[PDB]
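In the text below, chain A, chain B and the rest are named by the order of the sequence lines, each starting its count at 1. Values below: every heavy atom of this structure, side chains too, minus hydrogens, waters and symmetry copies.
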Amino acid sequence: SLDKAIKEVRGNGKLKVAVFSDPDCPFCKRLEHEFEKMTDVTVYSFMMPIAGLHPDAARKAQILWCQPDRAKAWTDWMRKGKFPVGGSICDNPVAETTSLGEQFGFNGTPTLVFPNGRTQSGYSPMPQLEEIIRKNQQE
Amino acid sequence: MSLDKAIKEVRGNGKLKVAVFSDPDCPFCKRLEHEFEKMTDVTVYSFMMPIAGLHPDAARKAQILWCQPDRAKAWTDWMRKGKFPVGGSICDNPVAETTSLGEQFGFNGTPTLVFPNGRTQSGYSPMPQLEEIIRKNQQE
């Protein structure tokens with residue numbers, strides 16, 4: 001459910017895209033660097049740390065989720081390497097979105113999910129990234 | 001895009017992390033591996049990205065190396081020493097997949113290095129630069 005995702009609105013937020021993302025995945029970070037080059041998009045990031053690969057990733061995800069402005073914390077970390085200093089964890093949906101992503105068969109990050117119900121495993125660079133998101137708004 | 005689809009070499013304490021989209025017949029990738037041999041305390045994740053149009057035998061080599069019982073030993077032995085498992089078998093494997101992924105990512109040219117901060121580098125670097133660059137991109 002969208003209320004279980006970090007929501008970043010960029011410009012008018014018109015294009016929609018969701019990402020199952022791991023805060024310690026460099027491919028996820030690179031995707032966030034690309035998103036920085038676009039506007040007029042809402043990005044919904046569902047936390048999907050892959051603990052087998054990234055031992056600290058579930059902790060980072062909960063901490064980022066539980067910050068006062070979780071979109072600010074998410075992008076600060078993914079694009080800037082700024083991690084909260086005294087970040088606490090409260091009841092959060094990370095465990096649940098991690099299970100869901102696995103249930104959906106997403107075996108790797110980032111996995112993008114488009115409004116038309118299609119997905120893409122792995123990031124794309126700009127300008128392509130924008131085109132693909134645009135093309136999958138419908139159908 | 002998943003470490004499970006990469007050849008994993010741990011050198012020393014394996015602290016630094018770096019990944020490489022690499023072609024087994026690319027001398028630039030081979031040189032990168034010569035330089036990796038000189039460094040320590042680093043984990044190297046090598047994703048197979050043979051460029052078939054340039055190196056017609058590379059896809060076979062990548063699949064053979066992936067499919068060896070110790071794929072990191074086969075990879076390093078070939079890239080650093082020229083030792084190849086001539087009788088190695090090819091079974092189902094992720095090379096075609098990691099090849100597509102590299103293309104998708106817009107990588108042209110091997111090696112392409114990816115750092116834990118999400119930044120990339122086209123082409124190798126010599127030691128000690130290579131180590132400096134890896135260390136500097138452990139975080140953004």
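Tracing side-chain contacts under 4.5 Å through hydrophobic residues (I, L, V, M, F, W, Y), one reaches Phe104(A) starting from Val113(A); they form part of the same cluster.
Crowding of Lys38(B) atom NZ: a count of heavy atoms from other residues, nucleotides or ligands under 6.0 Å exceeding 12. Within 6.0 Å of the CD atom in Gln138(B), the count of heavy atoms belonging to other residues, nucleotides or ligands exceeds 12. Within a 6.0 Å sphere centred on CG of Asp92(B), other residues, nucleotides and ligands contribute 12 heavy atoms or fewer.
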Go through the steps to decide whether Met1(B) and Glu97(B) satisfy the test side-chain contact (heavy atoms from CB on, under 4.5 Å), and finish with yes or no.
CA-CA 10 Å; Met1(B) 27 107 177; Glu97(B) 188 191 352; 3.3 Å; yes
Apply the test side-chain contact (heavy atoms from CB on, under 4.5 Å) to residues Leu130(B) and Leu113(B): give CA-CA distance (whole Å), side-chain angles for both, the deciding distance (0.1 Å), then the verdict.
CA-CA 10 Å; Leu130(B) 180 56; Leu113(B) 286 78; 3.9 Å; yes
With salt bridge (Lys or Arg N to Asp or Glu O under 4.0 Å) as the test, would you mind laying out the steps for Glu130(A) and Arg134(A) before giving the verdict?
CA-CA 6 Å; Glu130(A) 193 179 1; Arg134(A) 211 187 283 286; 3.0 Å; yes
Verdict with reasoning, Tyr124(B) to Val20(B), per side-chain contact (heavy atoms from CB on, under 4.5 Å):
CA-CA 10 Å; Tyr124(B) 80 86; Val20(B) 183; over 6 Å; no
side-chain contact (heavy atoms from CB on, under 4.5 Å), that's the test. Do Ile134(B) and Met39(B) meet it? Break it down for me.
CA-CA 11 Å; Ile134(B) 290 164; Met39(B) 93 181 257; 3.7 Å; yes
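Pairing each heavy atom of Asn136(A) with each of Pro115(A), the nearest pair is O-CD, 3.4 Å. Of all heavy-atom pairs between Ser124(A) and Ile132(A), the closest is OG-CD1, 3.7 Å. Residue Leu101(B) comes nearest to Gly122(A) through the heavy atom pair CD1-CA, 4.3 Å, listed as atom of the first residue, atom of the second, then distance. Closest approach of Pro23(A) and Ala57(A) over heavy atoms only: CG-O, 3.5 Å.
In this structure, the separation between OG1 on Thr42(A) and NZ on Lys14(A) is 11.5 Å, given to the nearest 0.5 Å. Atoms CZ and CG, on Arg70(A) and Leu64(A) in that order, are 11.0 Å from each other to the nearest 0.5 Å. In this structure, CD on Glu35(B) lies 10.0 Å from CD on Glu37(B), to the nearest 0.5 angstrom. Note that CG of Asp25(B) and CZ of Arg60(B) are 8.5 Å apart. Values are rounded to the nearest 0.5 Å. Considering OG1 of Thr98(A) and CD of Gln62(A), their distance stands at 8.0 Å, rounded to 0.5 Å. Interatomic distance, CE of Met79(B) versus CZ of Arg31(B), reported as 12.5 Å (0.5 Å rounding).
When atom types are taken as modelled, the side chain of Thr97(A) and the backbone of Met47(A) share a donor-acceptor pair closer than 3.5 angstrom. Using modelled atom types, no side-chain atom of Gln138(A) and backbone atom of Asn116(A) make a donor-acceptor pair closer than 3.5 Å. With hydrogens and angles disregarded, no donor-acceptor distance shorter than 3.5 Å links the side chain of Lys83(B) to the backbone of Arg80(B).
Annotation: side-chain contact (heavy atoms from CB on, under 4.5 Å) contacts of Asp70(B) (sequence neighbours excluded): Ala72(B), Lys73(B).
Shown are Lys17(B), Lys8(B), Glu33(B); of these, the side chain to side chain contact (heavy atoms under 4.5 Å, CB included) with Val44(B) is made only by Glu33(B).
Taking 4.5 Å as the limit, some side-chain heavy atom of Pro85(B) sits within range of a side-chain heavy atom of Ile64(B).
Residue pairs satisfying the ring pair (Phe, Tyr, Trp, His ring centres under 6.0 Å) criterion with at least one member in residues 34-75 of chain A, sequence neighbours excluded, are listed as follows: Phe20(A)-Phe46(A).
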